[PDB]
Each structure stands twice: as C-alpha cells, then as structure tokens.
Ligand SMILES: OC[C@H]1O[C@@H](O[C@H]2[C@H](O)[C@@H](O)[C@H](O[C@H]3[C@H](O)[C@@H](O)[C@H](O[C@H]4[C@H](O)[C@@H](O)[C@H](O[C@H]5[C@H](O)[C@@H](O)[C@H](O[C@H]6[C@H](O)[C@@H](O)[C@H](O[C@H]7[C@H](O)[C@@H](O)[C@H](O[C@H]8[C@H](O)[C@@H](O)[C@H](O)O[C@@H]8CO)O[C@@H]7CO)O[C@@H]6CO)O[C@@H]5CO)O[C@@H]4CO)O[C@@H]3CO)O[C@@H]2CO)[C@H](O)[C@@H](O)[C@@H]1O
Ligand SMILES: [Ca+2]
Ligand SMILES: [Cl-]
Ligand SMILES: [Zn+2]
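In the deposited numbering, the protein residues as written are 7 to 516.
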C-alpha cells in the first residue's frame with residue numbers, strides 16, 4: 007500500500023497563473039489558450055504572396071505548404087498574409103486570447119513557389135526577396151510582389167489594420183523574431199549559409215523590435231526562440247561567443263543583457279518575452295522520451311513520467327548529456343528565470359515549443375498534465391505545445407486544465423501552496439479563482455506505474471469543503487470522465503486512493 011500525504015494552504019504562496027501556458031502550435035483536439043504561427047516553415051515566409059521554403063526539412067522547396075497546411079481558401083492564396091489572417095480568424099473564432107506570429111529575420115523569404123532552390127540559387131538570387139524591417143516609406147495594403155523587398159513593419163501594419171492593435175480585443179498580441187537562429191545555417195542554408203553570430207542576432211532583434219513597436223507600441227516581442235540547450239549556452243558555438251561571451255555564464259545572460267542595454271538606449275522595452283524551445287533530452291529504456299519513441303518501451307514511459315522534474319526539481323538528474331554535463335544549469339526553469347532576474351527583470355518567459363513524447367499513451371498525458379502544472383506554478387507566461395491531433399493523451403493533459411468537464415470547466419487562475427510527500431510517485435497542483443478560495447481546484451497525478459496510490463489530503467483553507475467532484479483520464483481512455491465524488495471530508499481532510507497511471511482534476515466546494 008503506497009500512501010502519500012498532500013498538504014495545501016489556500017492562503018499561502020498565492021500567485022497568478024498566466025492563461026497563456028496552455029497553448030499549441032498545431033490544431034489540436036483540445037481547448038488551447040494561445041496559438042503560435044512559427045517553426046521551420048515560418049522563417050522564409052513571404053506575407054505579400056504566402057510562399058515559403060521547407061528548407062532542409064524537404065529539399066528546400068519554395069511552395070504553398072503553408073496555404074495547404076493552414077486550410078486557406080484557394081481564393082485567398084494570393085491575398086497578402088492570408089495564411090496568417092486565416093490563422094488568426096480560426097484562432098479568434100475559438101475565442102483563443104493569444105496569437106503569436108513569427109516575423110522573418112533570417113534575411114530572405116521565398117520569391118516564388120516554383121519548388122526546389124538550387125544551391126546556386128542561395129540568397130540573394132531571383133528565388134528570394136530581401137527582407138527589410140522598416141520600409142522608410144508609406145505602407146500599402148497591396149504590397150508590391152514585384153520589388154526585391156518585403157517589409158516586416160509593413161507586414162504588421164497590414165495586420166494591426168485588419169484586427170486593430172495589441173490592445174484591441176481582436177488584435178494580435180505577440181510577434182516572434184524568427185525561429186531558432188542557431189539552426190538557420192542547418193535548416194535554411196539556402197537563406198543563411200553562415201552560422202549566425204551573437205552580434206548579428208542581437209543586432210537584428212533590436213532592429214526588428216523597433217520596427218515593430220512603431221506600428222504597434224502594445225505588441226509583445228518574443229525572442230530568440232532557441233531550439234535547445236546548445237543555443238541557450240553558446241548560441242550553438244557561435245563564431246563570436248568567444249569574444250562576446252566573455253564574462254557570461256551562457257548566451258541567455260548575454261541576450262538578456264544586450265537586449266536590456268539596447269532597451270535602455272532606445273528608451274523603451276524591446277524584449278517582452280524570453281522565448282526558448284524545450285525538447286527533453288531525457289532518455290530511458292534506450293531511447294529519448296520524445297521524437298518517435300515507442301510506447302511499448304516501459305522503461306522510456308517511466309523516464310517520461312519523471313522527466314518533467316528537470317524543469318523545477320533541483321534534486322532530479324535525468325539521463326541525458328544535459329543531466330550528465332550541465333547540472334550547473336538545472337533545473338532549467340529556475341535558471342532561466344534566475345537569469346531574467348539578473349540581466350533584465352520584468353521580462354516574461356515562454357516555452358514556445360515543447361513535446362514530452364508518448365502523445366498517444368497514458369504517460370504522455372500525465373507528463374503533459376505535470377508540465378502544465380509546473381508552468382503555472384513557476385510563472386511561465388506562455389507555452390505552445392508542438393505536435394498534432396494524433397496525440398490524444400497529450401490533448402488529454404491540456405483539457406484537464408482548460409476544459410475538464412467538456413463544458414468549459416477549467417483550472418483556477420491563482421496558484422496556491424501544495425506539497426506532496428512523494429514527488430517521485432505523484433504530482434499535485436492546486437489553485438483558486440482570483441482571490442476567492444470558495445472552490446479549490448486540484449490536479450493530482452499518480453505516477454505509480456502498476457499499483458494504486460492512496461492520498462491523504464489535509465487542506466488549510468478559510469472555507470470548509472464538504473464536496474469534491476472528480477474528473478480524470480487514465481490507461482482506460484484519453485477521455486476525461488467524471489468519477490464518484492469525495493463526500494467524507496472531515497475538517498478539510500480526506501483520503502482518496504487513485505488507480506495506477508491516473509490523472510484527475512478535483513474540485514472542492516463548501
Ligand atoms: O514532412 C512534413 C512537412 O514538414 C514540413 O516542415 C516541418 C517539419 O517537418 C517539422 O519537423 C517542423 O517542426 C520543427 C520546428 O519547426 C523546429 O522548431 C524544431 O525542429 C528542430 C528541433 O527542435 C531540433 O532539436 C532538431 O535537431 C536538434 C536535435 O533535436 C538535438 O537533439 C541536437 O542536440 C545535440 C547537441 O547539439 C549536441 O551538442 C549534443 O551532444 C553534445 C552536447 O551538446 C555537449 O554539450 C556535451 O558536452 C560535454 C561532453 O559530452 C563531455 O565529453 C565533456 O567532458 O563535457 C562536455 C560539457 O562540458 O557533449 C555532447 C555529446 O556527448 O547532442 C545533441 C543530440 O543528442 O541538435 C539538433 C540540431 O543540430 O532540428 C529540428 C529542425 O531540423 O521542432 C520541430 C521538429 O521537432 O515544422 C516544419 C514546418 O514548419 C515541410 O516544410 C513540408 O514540406 C513537409 O511536407
Ligand atoms: Ca515587396
Ligand atoms: Cl536556436
Ligand atoms: Zn487528437
């Protein structure tokens with residue numbers, strides 16, 4: 007019999023949970039609170055004609071994938087930024103509060119959709135148009151597809167026009183400075199063959215932020231969208247990190263420091279959100295927990311259930327080069343947040359890309375649930391998952407927070423102290439709505455693989471809870487079903503045993 011005590015103090019550690027941590031990049035069979043238009047294809051995207059390059063993902067084709075994959079109407083395929091408007095209309099039509107858009111920064115964008123771009127056609131060539139941030143002239147809601155340029159600030163304008171600015175309801179709140187620059191020369195060699203440098207990146211960002219913050223002072227700028235650890239530390243061995251990184255624990259500090267400095271010189275904040283991508287290197291059972299990992303492998307599934315700990319748990323060492331050789335930077339969330347504090351306070355933090363694998367397995371769903379619990383508890387501002395609708399259990403973890411009863415029910419927005427006696431076998435997050443603890447929401451995850459877990463809840467609230475309804479999903483179905491309610495609460499205390507590998511959302515009320 008595995009017994010664990012859960013302790014909650016509805017009046018301690020009260021912190022708001024950003025509503026934007028529950029987002030996605032792809033369209034999911036779930037309720038998400040933010041949609042991001044980013045990733046490899048977005049780097050060479052041309053708003054004037056909607057053409058883009060698959061880069062190395064696929065023979066360097068310039069084509070209409072984004073119009074196809076986006077579900078755009080062939081009528082609009084020629085309409086400027088149709089791809090992005092279609093993207094935002096769909097978003098708005100689902101009452102999704104936040105739309106992040108990626109702006110082109112690598113330097114060039116598809117001039118056509120004629121297909122393959124020969125190495126000989128490496129930019130600049132007739133296959134591309136040169137991207138420029140500021141137009142230095144009057145914008146036109148009818149861009150000139152014939153010139154040799156594409157203006158980013160004019161791009162925002164076309165948008166801020168159609169939807170109003172970032173302060174308006176229907177407006178687009180965020181803009182990202184491209185996608186994974188440290189990998190530009192790997193993913194888009196036909197656009198930026200040389201390895202981006204620390205100076206170049208900082209320089210282009212500042213340029214782009216200003217260009218944009220003059221078309222919409224209220225818009226939020228995300229950056230740099232680093233693909234993974236290597237870019238966090240040295241911008242993937244940037245050619246000038248040796249000189250630039252002088253006296254910097256890692257590139258993250260450097261970026262935050264220079265963006266800050268630049269912001270002081272400009273007289274206004276240029277960096278709104280530090281944006282990084284996080285794909286667990288956490289290994290188990292021979293393979294990595296994500297990127298095509300086999301759910302038959304019980305050892306990897308078990309490694310996945312513990313992987314989330316790397317985000318906050320200072321006592322957890324995952325099996326990976328990062329756990330093995332990067333302990334000075336783990337847990338990663340505290341370190342990233344810790345860095346924001348030293349070189350640019352007030353700066354938000356977003357994990358615009360992440361996937362813990364097992365998307366169609368119970369553990370994929372518990373990990374996702376646990377990850378979402380961590381983002382809210384540590385102040386993450388926005389998070390958009392990467393993966394499609396086949397990930398039924400991942401979609402399950404998200405709904406546990408955004409729509410657990412199928413009718414719009416959701417986790418509270420104010421996190422409260424909530425401790426577990428055994429973090430290895432379980433996880434628990436608790437919240438209330440605003441400053442009112444009349445209803446205490448609790449996410450309770452039983453990581454015990456094949457044996458049940460009994461939980462002893464002792465809550466310290468101003469209210470007396472007499473009932474506790476339950477919703478949950480498990481190895482039985484990725485569908486969240488209501489369960490028998492808790493009714494024997496004595497002085498805000500009860501015992502609830504939960505089946506193996508189960509994720510539930512409890513809701514207590516007086
Ligand atoms: O096909 C359908 C349509 O597709 C369309 O295009 C799609 C794509 O299909 C879709 O995938 C894409 O979605 C993308 C998204 O757009 C991207 O944002 C991103 O994709 C990225 C990944 O994020 C990225 O990870 C991946 O490659 C990574 C890889 O994942 C990493 O694992 C790897 O990391 C390396 C690391 O660099 C290396 O250094 C490390 O080993 C070192 C370690 O770094 C070092 O520190 C350590 O040092 C120790 C040392 O070991 C020790 O001895 C000594 O004593 O101490 C020192 C420390 O002091 O040593 C170790 C070695 O021991 O190893 C790791 C790997 O294990 O890096 C690579 C990159 O290089 O790349 C992709 C992009 O290519 O996410 C999504 C994909 O997941 O969306 C597209 C559309 O937008 C087409 O357009 C259509 O046409 C198609 O139809
Ligand atoms: Ca043009
Ligand atoms: Cl990067
Ligand atoms: Zn699905």
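For each residue, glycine too, the CB sits at the ideal point set by N, CA and C.
Work out the CA separation of residue j and residue i for me, nearest whole Å.
i	j	result
residue 158	residue 182	12 angstroms
residue 86	residue 51	11 angstroms
residue 493	residue 461	15 angstroms
residue 151	residue 319	51 angstroms
residue 55	residue 164	13 angstroms
residue 382	residue 24	6 angstroms
residue 436	residue 310	22 angstroms
residue 47	residue 283	16 angstroms
residue 453	residue 148	55 angstroms
residue 290	residue 239	24 angstroms
residue 266	residue 346	10 angstroms
residue 161	residue 230	20 angstroms
residue 323	residue 293	16 angstroms
residue 270	residue 314	36 angstroms
residue 401	residue 106	20 angstroms
residue 3	residue 470	The displayed coordinates of the chain run from 7 to 516. Any statement about residue 3 would go beyond what the structure contains.
residue 396	residue 341	33 angstroms
residue 280	residue 355	5 angstroms
residue 302	residue 456	15 angstroms
residue 212	residue 257	16 angstroms
residue 111	residue 489	50 angstroms
Verify the contact flag: residue i, CB atom, against every heavy atom of ligand 3, threshold strictly below 6 angstroms.
i	result
residue 181	no
residue 187	yes
residue 232	yes
residue 111	no
residue 237	yes
State yes or no: is the C-beta of residue i nearer than 6 angstroms to some heavy atom of ligand 4?
i	result
residue 375	no
Does the beta-carbon of residue i, which I'm using as the reference point, lie nearer than 6 angstroms to any heavy atom of ligand 1?
i	result
residue 46	yes
residue 193	yes
residue 331	yes
residue 71	yes
residue 63	yes
residue 478	no
residue 356	no
residue 190	no
residue 284	no
Using a threshold of 7 angstroms, state whether the C-beta atoms of residue i and residue j are closer than that.
i	j	result
residue 243	residue 227	no
residue 78	residue 41	no
residue 22	residue 420	yes
residue 447	residue 417	yes
residue 222	residue 172	yes
residue 36	residue 405	yes
residue 481	residue 372	no
residue 338	residue 14	no
residue 116	residue 59	yes
residue 57	residue 118	yes
residue 445	residue 515	yes
residue 246	residue 204	yes
residue 156	residue 141	no
residue 98	residue 176	yes
residue 92	residue 76	yes
residue 463	residue 27	no
residue 451	residue 376	yes
residue 197	residue 268	no
residue 359	residue 392	yes
Compute every distance between the C-beta of residue i and the non-hydrogen atoms of ligand 2, then say whether any falls below 6 angstroms.
i	result
residue 425	no
residue 531	Because the chain spans 7 through 516 in this model, residue 531 falls outside it and cannot be assessed.
residue 226	no
residue 149	yes
residue 153	yes
residue 54	yes
Along the chain, which unbroken stretches of the beta strand (DSSP E) at least 3 residues long are found entirely within the region 298-383? Every beta strand (DSSP E) of 3 residues or more that sits fully in the region 298-383 is shown, in chain order, as 354-360.
Within the region 82-152, ranges of the beta strand (DSSP E) (whole runs, at least 3 residues): The qualifying runs are 105-109, 114-116 and 134-138.
Closer than 5 angstroms to ligand 4: residues, by C-beta to nearest heavy atom, in chain order: Every residue passing the under-5 angstroms Cβ criterion appears here: 35, 395, 398 and 401.
Ignoring anything shorter than 3 residues, give me the beta strand (DSSP E) runs that lie fully in the region 424-508, in order along the chain. If we require 3 residues or more, the beta strand (DSSP E) runs fully inside the region 424-508 come out as 432-439, 442-452, 459-466, 473-480, 483-492 and 499-504.
What ranges does the beta strand (DSSP E) occupy inside the region 197-266, keeping only unbroken runs of at least 3 residues that lie completely in it? Within the region 197-266, the runs of beta strand (DSSP E) at least 3 residues long that lie entirely inside it are, in chain order, 226-232.
Could you give the uninterrupted runs of the beta strand (DSSP E) lying entirely in the region 265-294, keeping only those of 3 residues or more? Within the region 265-294, the beta strand (DSSP E) runs of at least 3 residues that lie entirely inside it are, in chain order, 279-284.
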